[PDB]
Amino acid sequence: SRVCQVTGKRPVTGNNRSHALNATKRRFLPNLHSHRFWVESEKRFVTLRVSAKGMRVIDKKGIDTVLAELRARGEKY
Amino acid sequence: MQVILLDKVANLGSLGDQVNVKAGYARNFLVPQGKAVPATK
Amino acid sequence: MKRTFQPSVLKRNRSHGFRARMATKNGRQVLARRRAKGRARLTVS
RNA sequence: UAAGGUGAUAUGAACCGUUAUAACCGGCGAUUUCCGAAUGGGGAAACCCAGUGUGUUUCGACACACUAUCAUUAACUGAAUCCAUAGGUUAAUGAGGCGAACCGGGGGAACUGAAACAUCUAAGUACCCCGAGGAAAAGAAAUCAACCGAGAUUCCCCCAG
RNA sequence: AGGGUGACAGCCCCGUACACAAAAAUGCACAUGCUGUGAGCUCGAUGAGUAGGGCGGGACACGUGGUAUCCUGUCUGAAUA
RNA sequence: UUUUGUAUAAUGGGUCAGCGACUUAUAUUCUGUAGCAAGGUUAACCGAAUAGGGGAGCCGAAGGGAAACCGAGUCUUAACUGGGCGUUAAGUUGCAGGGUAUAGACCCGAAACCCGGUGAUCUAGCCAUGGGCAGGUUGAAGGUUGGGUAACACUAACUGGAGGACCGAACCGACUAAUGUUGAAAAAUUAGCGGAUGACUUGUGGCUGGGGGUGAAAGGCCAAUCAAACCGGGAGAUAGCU
RNA sequence: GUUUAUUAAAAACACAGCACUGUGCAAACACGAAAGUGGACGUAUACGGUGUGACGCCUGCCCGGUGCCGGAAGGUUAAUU
RNA sequence: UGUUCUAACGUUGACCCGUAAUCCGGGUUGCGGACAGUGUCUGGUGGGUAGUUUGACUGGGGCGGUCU
Ligand SMILES: [K+]
Ligand SMILES: [K+]
Ligand SMILES: [K+]
Ligand SMILES: [K+]
Ligand SMILES: [K+]
Ligand SMILES: [K+]
Ligand SMILES: [K+]
Ligand SMILES: [K+]
Ligand SMILES: [K+]
Ligand SMILES: [K+]
Ligand SMILES: [K+]
Ligand SMILES: [K+]
Ligand SMILES: [K+]
Ligand SMILES: [K+]
Ligand SMILES: [K+]
Ligand SMILES: [K+]
Ligand SMILES: [K+]
Ligand SMILES: [K+]
Ligand SMILES: [K+]
Ligand SMILES: [Mg+2]
Ligand SMILES: [Mg+2]
Ligand SMILES: [Mg+2]
Ligand SMILES: [Mg+2]
Ligand SMILES: [Mg+2]
Ligand SMILES: [Mg+2]
Ligand SMILES: [Mg+2]
Ligand SMILES: [Mg+2]
Ligand SMILES: [Mg+2]
Ligand SMILES: [Mg+2]
Ligand SMILES: [Mg+2]
Ligand SMILES: [Mg+2]
Ligand SMILES: [Mg+2]
Ligand SMILES: [Mg+2]
Ligand SMILES: [Mg+2]
Ligand SMILES: [Mg+2]
Ligand SMILES: [Mg+2]
Ligand SMILES: [Mg+2]
Ligand SMILES: [Mg+2]
Ligand SMILES: [Mg+2]
Ligand SMILES: [Mg+2]
Ligand SMILES: [Mg+2]
Ligand SMILES: [Mg+2]
Ligand SMILES: [Mg+2]
Ligand SMILES: [Mg+2]
Ligand SMILES: [Mg+2]
Ligand SMILES: [Mg+2]
Ligand SMILES: [Mg+2]
Ligand SMILES: [Mg+2]
Ligand SMILES: [Mg+2]
Ligand SMILES: [Mg+2]
Ligand SMILES: [Mg+2]
Ligand SMILES: [Mg+2]
Ligand SMILES: [Mg+2]
Ligand SMILES: [Mg+2]
Ligand SMILES: [Mg+2]
Ligand SMILES: [Mg+2]
Ligand SMILES: [Mg+2]
Ligand SMILES: [Mg+2]
Ligand SMILES: [Mg+2]
Ligand SMILES: [Mg+2]
Ligand SMILES: [Mg+2]
Ligand SMILES: [Mg+2]
Ligand SMILES: [Mg+2]
Ligand SMILES: [Mg+2]
Ligand SMILES: [Mg+2]
């Protein structure tokens with residue numbers, strides 16, 4: 001599914017609104033990218049499907065802290 | 001992104017130099033090849 | 001003239017039988033409705 | 001608890017019982033085929049076909065038990081690849097399915113009304129989906145108030161069509 | 001109370017008011033064990049990709065309106081007593 | 001019943017029996033009636049209490065002005081000889097009733113729209129695997145032999161057995177007519193008719209699902225249903241019409 | 001050959017043949033929120049789409065309109081800043 | 001104010017392993033490479049699809065005429 005493994009961002013629903021205010025249902029998808037993250041503690045690459053936002057979280061917190069959070073949830077990688 | 005250089009990196013600086021790099025340069029090259037580390041403290 | 005019901009027990013069971021009903025959520029909902037109504041015969045089986 | 005009793009249509013037959021093991025009622029046990037989550041594999045439900053271990057045989061065979069999947073944990077093991085990791089096997093523990101409403105969440109109509117119709121309405125309704133509990137949810141102020149003060153959340157009556 | 005009995009029964013029958021009853025299992029409420037759980041006090045700490053913002057949408061009685069407040073798909077991004 | 005008007009040859013009713021259409025809740029106004037009266041009345045709730053408590057509120061006793069504000073006045077205007085609205089009428093709470101509002105709102109009735117399911121045992125197309133095609137014709141390519149050619153080409157005889165080839169049963173169809181039309185049959189029967197080795201036909205099983213399928217294309221077919229299947233639901237949709 | 005099962009079998013549909021056009025392969029194209037699958041275990045002598053409809057003789061003039069293809073100087077023009 | 005590079009990313013190239021496997025993953029390598037592609041925003045195009053509108057009077061309706 002289109003779910004960020006770091007943040008849990010997923011598709012949300014809302015409306016397209018025309019100039020005449022016609023509402024049609026749409027989705028907003030996360031900006032997801034499969035990315036190979038270097039885990040220097042483990043000396044290997046871990047691939048995560050992450051939002052661009054999730055990538056900024058990894059930059060801020062570090063991959064070790066993030067993977068520990070994933071292990072606590074039971075999110076496997 | 002602020003990093004601390006560990007190896008001498010060309011067009012950047014020397015060991016212990018605080019430098020701002022593009023996040024992609026740090027994430028995909030400097031950090032995985034052990035040339036810099038994130039400026040954590 | 002050839003009418004619409006041309007019986008085949010194999011096709012009957014594969015199309016509408018107990019195991020066909022159990023194979024999908026919507027088939028299991030059929031069985032749930034029929035049990036709730038109190039049908040003597042849940043399926044063609 | 002008892003002088004009656006062996007459920008009904010439903011008589012009969014053959015019996016049981018009358019001072020307490022007849023029947024009847026209640027507690028706790030025992031037994032509880034096959035299908036069904038169905039779980040040893042399969043399957044057109046109530047069927048077909050196994051493996052392994054034990055025990056017993058009249059050598060023909062027989063009986064019993066276990067053997068699903070996933071998750072977590074542990075042990076033993078174990079690639080590409082050096083260490084390793086992935087992977088593999090076993091064990092323990094848990095889950096699974098069903099159920100009328102209420103409850104929280106993920107999605108979410110249209111007819112209709114607007115005397116047409118698109119904004120708007122119907123309505124976050126119907127419906128689909130996930131999850132729970134005896135209730136759920138909410139909840140201990142980054143809340144209101146108005147210079148006076150109140151003191152978490154929930155529900156009812158007002159405020160007010 | 002009520003029901004039954006060959007028509008309408010306080011006194012025919014079963015009940016009813018009232019008074020009693022449990023070998024066994026069991027809900028509950030207190031009681032005291034064991035097992036785990038740790039209170040008190042002083043000193044310190046005080047939730048960041050967050051608040052806030054831009055863009056799109058949604059929620060608020062409130063339809064973007066002069067529109068506060070809340071949620072966030074997207075891009076950003078503080079001060080922290 | 002509907003109408004300007006119906007014995008009307010306009011509508012409806014074969015008959016009987018039974019059932020079958022102005023309701024209910026809440027708000028609001030008016031009438032009647034009862035209580036209390038410049039007051040009237042409580043809601044939730046408490047209470048074993050139809051009691052009693054509870055006056056939070058609501059309506060009324062003052063209006064004028066957009067409002068600040070003023071107030072038996074006020075607004076208007078710089079200001080009224082003025083002018084507008086007011087002062088100069090008792091209300092309120094029950095109970096019964098008339099109307100209105102929101103609700104299915106007097107009852108029955110659409111064609112339709114949306115949501116979730118069920119259906120390819122009929123039929124359309126396809127996929128896999130099996131089967132069928134009496135009997136009779138015609139005589140392509142090719143071949144052999146002779147003739148012919150420098151060698152080809154060519155040409156005759158024999159052979160050979162092609163084909164969405166021919167005639168015609170089974171089999172598959174459906175052009176005409178009659179019959180039948182409360183049928184023998186919700187599409188047939190009878191006499192004739194077309195194809196009949198093929199783009200053929202058929203058995204068994206499989207796949208495609210509803211704005212979707214499939215279609216040698218007729219809007220055809222998708223279970224006697226098709227310009228959007230069927231079943232259940234939104235649902236008592238709505239019906240200025242009968 | 002095919003067709004309106006059940007009032008139309010035809011001059012309708014199809015057809016071999018013809019032409020235009022797309023498509024360089026992870027093809028175009030189609031089914032599918034996607035993964036994928038068909039196209040095809042094919043590869044431009046191939047595949048899709050469109051029109052025409054054996055064969056024979058042929059298929060004239062118009063690019064102004066609408067489309068498609070190419071251009072890219074200039075005008076105009078979004079978010080953004 | 002050109003291109004080059006590799007390290008993100010792509011690979012429906014090759015080989016190796018999980019493995020009895022034309023899926024998938026991991027590894028090695030080649031090729032491509034900050035392009036492609038996807039998210040949010042945004043202009044264009046958009047009967048492919050959807051919801052609808054498309055007046056009344058009238059010597060029937062339509063056409064014409066009319067509407068203050
Ligand atoms: K609507
Ligand atoms: K209307
Ligand atoms: K009595
Ligand atoms: K933000
Ligand atoms: K009339
Ligand atoms: K008539
Ligand atoms: K009234
Ligand atoms: K009154
Ligand atoms: K006056
Ligand atoms: K009165
Ligand atoms: K209704
Ligand atoms: K009414
Ligand atoms: K449909
Ligand atoms: K014909
Ligand atoms: K042109
Ligand atoms: K590579
Ligand atoms: K790019
Ligand atoms: K006239
Ligand atoms: K006339
Ligand atoms: Mg809407
Ligand atoms: Mg099984
Ligand atoms: Mg079994
Ligand atoms: Mg088997
Ligand atoms: Mg309307
Ligand atoms: Mg429970
Ligand atoms: Mg709770
Ligand atoms: Mg204070
Ligand atoms: Mg009598
Ligand atoms: Mg804090
Ligand atoms: Mg805030
Ligand atoms: Mg924000
Ligand atoms: Mg703001
Ligand atoms: Mg905003
Ligand atoms: Mg909004
Ligand atoms: Mg406004
Ligand atoms: Mg008349
Ligand atoms: Mg008369
Ligand atoms: Mg007459
Ligand atoms: Mg008459
Ligand atoms: Mg009539
Ligand atoms: Mg009649
Ligand atoms: Mg006043
Ligand atoms: Mg009344
Ligand atoms: Mg089906
Ligand atoms: Mg023939
Ligand atoms: Mg036919
Ligand atoms: Mg015939
Ligand atoms: Mg013929
Ligand atoms: Mg013939
Ligand atoms: Mg037509
Ligand atoms: Mg039909
Ligand atoms: Mg329709
Ligand atoms: Mg409705
Ligand atoms: Mg109706
Ligand atoms: Mg023909
Ligand atoms: Mg016909
Ligand atoms: Mg015909
Ligand atoms: Mg492919
Ligand atoms: Mg033609
Ligand atoms: Mg791009
Ligand atoms: Mg369009
Ligand atoms: Mg349309
Ligand atoms: Mg509509
Ligand atoms: Mg219309
Ligand atoms: Mg008219």
Side-chain angles (χ1 to χ4, degrees), chain A residues 1-42 44-77, chain B residues 1-3 20-32 36 38-40, chain C residues 2-45:
Chain A
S1 300
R2 293 185 180 103
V3 179
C4 174
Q5 291 189 273
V6 173
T7 64
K9 284 171 167 293
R10 62 164 56 246
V12 292
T13 65
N15 293 319
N16 298 300
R17 289 282 184 169
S18 67
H19 176 257
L21 272 62
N22 307 107
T24 57
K25 280 288 190 170
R26 64 166 293 179
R27 305 216 297 161
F28 298 84
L29 304 188
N31 185 16
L32 294 177
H33 298 284
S34 63
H35 183 92
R36 290 163 48 249
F37 289 93
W38 179 244
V39 186
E40 72 198 359
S41 297
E42 294 174 51
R44 57 153 190 164
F45 284 102
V46 172
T47 303
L48 297 177
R49 194 172 184 191
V50 293
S51 58
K53 192 264 193 195
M55 192 167 307
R56 296 179 68 241
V57 170
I58 288 163
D59 295 1
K60 179 163 175 167
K61 296 201 194 195
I63 190 62
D64 289 350
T65 303
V66 168
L67 290 182
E69 291 168 7
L70 267 73
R71 288 193 295 280
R73 303 194 233 125
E75 184 63 21
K76 209 174 74 178
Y77 53 79
Chain B
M1 161 162 186
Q2 292 288 349
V3 299
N20 199 62
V21 295
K22 295 196 181 75
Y25 190 23
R27 179 192 304 122
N28 298 318
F29 190 66
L30 296 172
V31 176
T40 56
Chain C
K2 187 178 192 167
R3 301 299 185 190
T4 56
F5 182 53
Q6 298 301 324
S8 162
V9 177
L10 178 63
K11 288 173 68 169
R12 190 163 183 71
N13 292 341
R14 287 181 174 173
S15 302
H16 312 296
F18 183 81
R19 293 181 59 69
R21 295 278 188 245
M22 286 300 294
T24 70
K25 167 205 78 89
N26 289 312
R28 292 184 299 262
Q29 285 173 349
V30 170
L31 300 178
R33 286 195 300 265
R34 289 180 75 81
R35 285 190 179 108
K37 198 181 189 192
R39 287 278 188 184
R41 295 168 212 69
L42 280 187
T43 70
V44 300
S45 307

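Computation of the quantities below employed the complete heavy-atom set of this structure, encompassing side-chain atoms and omitting hydrogens, waters and symmetry-equivalent molecules. In the text below, chain A, chain B and the rest are named by the order of the sequence lines, each starting its count at 1.
- Under the ring pair (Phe, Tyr, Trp, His ring centres under 6.0 Å) criterion, A/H35 pairs with A/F37, not counting sequence neighbours.
- A 6.0 Å sphere centred on CZ of A/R10 holds no more than 12 heavy atoms belonging to other residues, nucleotides or ligands.
- The minimum heavy-atom distance linking A/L70 with A/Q5 is given by the pair CD1-O, 3.6 Å.
- Residue pairs that meet the salt bridge (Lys or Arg N to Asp or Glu O under 4.0 Å) test with at least one member in residues 51-60 of chain A, sequence neighbours left out, are A/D59-B/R27.
- Taking A/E42 as the reference, A/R44 meet the side-chain hydrogen bond (donor to acceptor under 3.5 Å, both in side chains) condition, with sequence neighbours excluded.
- Looking at residues two or more places apart in sequence or on another chain, you find a side-chain contact (heavy atoms from CB on, under 4.5 Å) between C/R28 and C/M22, C/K25.
- The nearest pair of heavy atoms linking C/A20 to C/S15 is CB-O, 4.1 Å.
- Contact between A/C4 and A/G54 at its shortest, heavy atoms only, is SG-CA, 4.3 Å.
- With sequence neighbours left out, the side-chain hydrogen bond (donor to acceptor under 3.5 Å, both in side chains) criterion links A/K61 to A/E69.
- Judged purely by atom type and a 3.5 angstrom limit, C/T43 uses its side chain to pair as donor or acceptor with the backbone of C/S45.
- Not counting sequence neighbours, the partners of A/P11 by the side-chain contact (heavy atoms from CB on, under 4.5 Å) test are A/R2, A/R27, A/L29, A/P30.
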Check: residues 3-12 of chain C side-chain donor-acceptor pairs under 3.5 Å, at least two apart:
| from | atom 1 | to | atom 2 | distance (Å) |
| --- | --- | --- | --- | --- |
| C/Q6 | NE2 | C/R3 | O | 2.8 |
| C/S8 | OG | C/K11 | N | 3.3 |

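- The number of heavy-atom neighbours closer than 6.0 Å to CD of A/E40, taken from other residues, nucleotides and ligands shown, is 12 or below.
- When all heavy atoms of B/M1 and B/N20 are compared, the closest pair comes out as N-OD1, 3.1 Å.
- Take A/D64 and apply the side-chain hydrogen bond (donor to acceptor under 3.5 Å, both in side chains) test, not counting sequence neighbours, and it matches A/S41.
- Although no hydrogens or angles enter the test, the distance criterion places no donor-acceptor pair under 3.5 Å between the side chain of C/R19 and the main chain of C/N13.
- What you find for B/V3 and B/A26 is that their closest heavy atoms are CG1-CB, 4.0 Å.
- For the pair A/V6/A/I58, a side-chain contact is recorded, criterion being any heavy-atom separation below 4.5 Å from C-beta on.
- Closest heavy-atom contact between A/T47 and A/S34: CG2-CB, 4.4 Å.
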| query | Given the rule in the side chain to side chain contact (heavy atoms under 4.5 Å, CB included) test, do B/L30 and B/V21 qualify, once you have shown the distances and angles that lead to the verdict? | reply | CA-CA 10 Å; B/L30 296 172; B/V21 295; 4.2 Å; yes
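- Annotation: side chain of A/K25 is in contact with side chain of A/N15 (closest heavy-atom distance under 4.5 Å).
- Distance check: A/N16 CG to A/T24 OG1 gives 4.0 Å after rounding to the nearest 0.5 Å.
- Note that the CE atom of A/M55 and the CG atom of A/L32 stand 10.0 Å from one another [nearest 0.5 Å].
- For C/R41, the side-chain contact (heavy atoms from CB on, under 4.5 Å) criterion is met by no residue, not counting sequence neighbours.
- For CZ of A/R17, the number of neighbouring non-hydrogen atoms (other residues, nucleotides, ligands) closer than 6.0 Å is greater than 12.
- The side-chain contact (heavy atoms from CB on, under 4.5 Å) test applied to A/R71 returns A/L67, A/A68, A/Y77, not counting sequence neighbours.
- For A/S18, the side-chain hydrogen bond (donor to acceptor under 3.5 Å, both in side chains) partners two or more places apart in sequence, or in a different chain, are A/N22.
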